[PDB]
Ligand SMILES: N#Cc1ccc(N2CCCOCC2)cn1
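We begin with a single chain expressed as structure tokens, specifically the form solved without this ligand.
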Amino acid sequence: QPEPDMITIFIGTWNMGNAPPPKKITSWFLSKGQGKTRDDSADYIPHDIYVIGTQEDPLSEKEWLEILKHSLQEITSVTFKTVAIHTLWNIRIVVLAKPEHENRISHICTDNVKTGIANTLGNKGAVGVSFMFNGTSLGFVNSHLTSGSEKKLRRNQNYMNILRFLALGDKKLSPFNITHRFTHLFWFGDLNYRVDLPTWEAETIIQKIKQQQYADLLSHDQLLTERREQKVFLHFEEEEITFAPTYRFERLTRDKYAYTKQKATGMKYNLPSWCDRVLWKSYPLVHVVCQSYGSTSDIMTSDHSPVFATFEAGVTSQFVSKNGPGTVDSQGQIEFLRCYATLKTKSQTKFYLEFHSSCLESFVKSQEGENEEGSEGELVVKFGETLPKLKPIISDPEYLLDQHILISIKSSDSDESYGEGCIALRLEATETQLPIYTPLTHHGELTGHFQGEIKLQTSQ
């Protein structure tokens, strides 16, 4: 029975509005409703993995698990295995997988972050799950960010706190946050970003939604504008939005947006908004295709409509050779020529590099590079031809070309990372000097760039 090179992953996000769900929610897991929907011909085909994120979830874990398992069983006639479930207050993530995947899935991690301080600590934050599917690392983050049209900055701060403090994936990757730990990272939830238009335009917005004319609304979506200005979700992808705003509805219909200020809203307007979102970030040159992104039309217990996204995702096998794991394959090497980091730091310390990859027995520290002044003020750290020769555990090109090298540039003085990035080994050629490049981030903010050449030797 051969190991897969592709799986399909269902991601759901629903703010349940502290109300029990209706008796039928199968439309959600089938990606039926508005937006980019799944073909009817696929309805009996199970996704490999279903990741369900809820907010304002009033159910016990047992109650929600029973509804989810019974739903998927009705759709697929498959009894899904529970990989993980984690709840912080009323924020929940559930991971369900086909039984055939039970022995492919390992290294299951769960965590949560509470966002804000005092007043603003008590109900917002994130839950997450990571695991290995054979040779591929998968992370999943369900976040409920700060609400309110005038708090996009708070939402961006909540995002940075979640990506700094959420403890998932391989702890040996100590310089790296969740935005570098996974082959594929999916980040979803009630992100709570609003359509930033004057309150007096509410009926005009509703009119535009009724005509399915979203272009002038999306141009004012705060998540898209903040992302454009590199304020949040730097280096993340999102499928084009082709479904109506998923908030705020009158309950028990989808015919009405409830936007007017009420005591129950803290006298705040809730203009129709795409609060409920799915984004992802995958390592360079790994296969990931969004196959659906939409909202349900027939689940009306909440003031939010459920959102679905489905993905084809590239996975690799758990590779064993005569040599690695447990030794090097001397027929493999990774060389770095003409390499330099460009940092935005105003500081003057010496810097060195750390190379982390599952293709190495352990991480590799470089010698300090040579600091030069860039023509526009920048710090340029030159490594030239001084970077070490990396010794992969396996030289088979069917393995090695599928791997990635995480790079941290660290201060000699503090041993603190100033920048993290990632290089694909999916090269156009072996035994050939080829350009490499990655942006460098720290706490998910742009801190610089790393560029140079690579020379990859495989057994072929």
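Just count from 1 along the sequence shown to find any residue number.
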Open item on the list: Going by the mean C-alpha B-factor recorded in the entry, which is higher: 301 to 309 or 334 to 342?
Closed with: 334 to 342
Open item on the list: Which is higher on mean Cα B factor in this entry, 121 to 129 or 178 to 186?
Closed with: 121 to 129
TODO: For the C-alpha B-factor as written in the entry, point me to the maximum among 408, 31, 55, 412.
DONE: 412
Task: Of the residues 248, 220, 235, 172, the one carrying the largest Cα B-factor as recorded - done: 172
Task: Third assignment of residue 449 from its chain's C-alpha B-factors - done: middle
Open item on the list: Quick check on the deposited entry: does the C-alpha B-factor of residue 417 sit in the lowest, middle or highest third of its chain?
Closed with: middle
TODO: For residue 24, return the chain-relative third of its C-alpha B-factor as stated in the PDB record: lowest, middle or highest.
DONE: highest
Task: Entry-reported Cα temperature factor of residue 431, expressed as the chain third it lands in - done: highest
TODO: Going by the recorded CA B-factors, say which third of the chain residue 152 sits in, lowest, middle or highest.
DONE: middle
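Form deposited with this ligand bound: not shown, discussed below.
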Task: Result of superposing this ligand in the deposited complex onto shown chain, 2.4 Å backbone or C-beta criterion - done: open
Open item on the list: With a cut-off of 4.5 Å between heavy atoms, is residue 132 one of the residues that contacts this ligand in the deposited complex?
Closed with: yes
TODO: Determine whether any heavy atom of residue 256 comes within 4.5 Å of a heavy atom of this ligand in the deposited complex, and answer yes or no.
DONE: no
- [ ] Determine whether any heavy atom of residue 171 comes within 4.5 Å of a heavy atom of this ligand in the deposited complex, and answer yes or no.
- [x] yes
Task: Exercise: residue 107 in contact with this ligand in the deposited complex, heavy atom 4.5 Å - done: yes
Open item on the list: Exactly one residue in 301, 137, 147, 316 has a non-hydrogen atom within 4.5 Å of this ligand in the deposited complex; which is it?
Closed with: 137
- [ ] Could you tell me which one of 249, 355, 336, 182 places a heavy atom within 4.5 Å of this ligand in the deposited complex?
- [x] 182
Task: Partner-proximal stretch of 258 to 266, 201 to 209, 301 to 309, 107 to 115 relative to this ligand in the deposited complex, 4.5 angstroms, heavy atom - done: 107 to 115
